[PDB]
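Novice: would you be able to build a 3D model of this:
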Amino acid sequence: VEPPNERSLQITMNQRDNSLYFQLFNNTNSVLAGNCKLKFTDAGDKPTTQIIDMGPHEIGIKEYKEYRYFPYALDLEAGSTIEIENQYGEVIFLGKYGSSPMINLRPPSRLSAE
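Specialist: Numbers count the residues shown, from 1 in each chain. Right below this line is the structure:
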């Protein structure tokens, strides 16, 4: 069974008039790093080149951030996948969108498992 103290990362989305907002909620028990970038996508089938930057600023635990991009008058759909590419350039957390704006993320690659 998966290891304990196994937290995750949630990210909320909110599309407005030719614009899209993405909120983060470091639910981890460690801490978030900066100089990261976001690799959000409308849905996944035929998304856009929507690419946001996390800036050099980092995020802490139980923290929170709000990134706004544009233009973007699209229509979010169930599938909107996201990816947080740290300074390294390799996504660490990813998650899709659905009914709710906020959806768990988690790494696309396993970390450890007994």
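Novice: measure stretch 5-24 end to end?
Specialist: The first residue of stretch 5-24 is 20 Å away from its last residue (CA to CA, to the nearest Å).
Novice: i'd like the first residue to be 428 from this point on
Specialist: Sure, I'll start counting at 428 from here, so that last one is stretch 432-451.
Novice: so what strands line up beside the strand or helix carrying residue 493?
Specialist: Taking DSSP states H and E as the criterion, residue 493 maps to strand 492-496. Strand pairing for strand 492-496, determined by DSSP bridges: strand 446-453 (antiparallel).
Novice: what is the subsequent helix or strand relative to the strand it pairs with?
Specialist: Using DSSP H and E, the helix or strand that directly follows strand 446-453 along the chain is strand 464-465.
Novice: now for that following strand, which elements pack on it?
Specialist: In terms of contacts (3 or more CB pairs under 8 Å, 6 or more residues apart in numbering; DSSP states H and E), strand 464-465 is packed against strand 479-480, strand 509-512. The C-beta positions use only the backbone N, C-alpha and C, and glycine is treated the same way.
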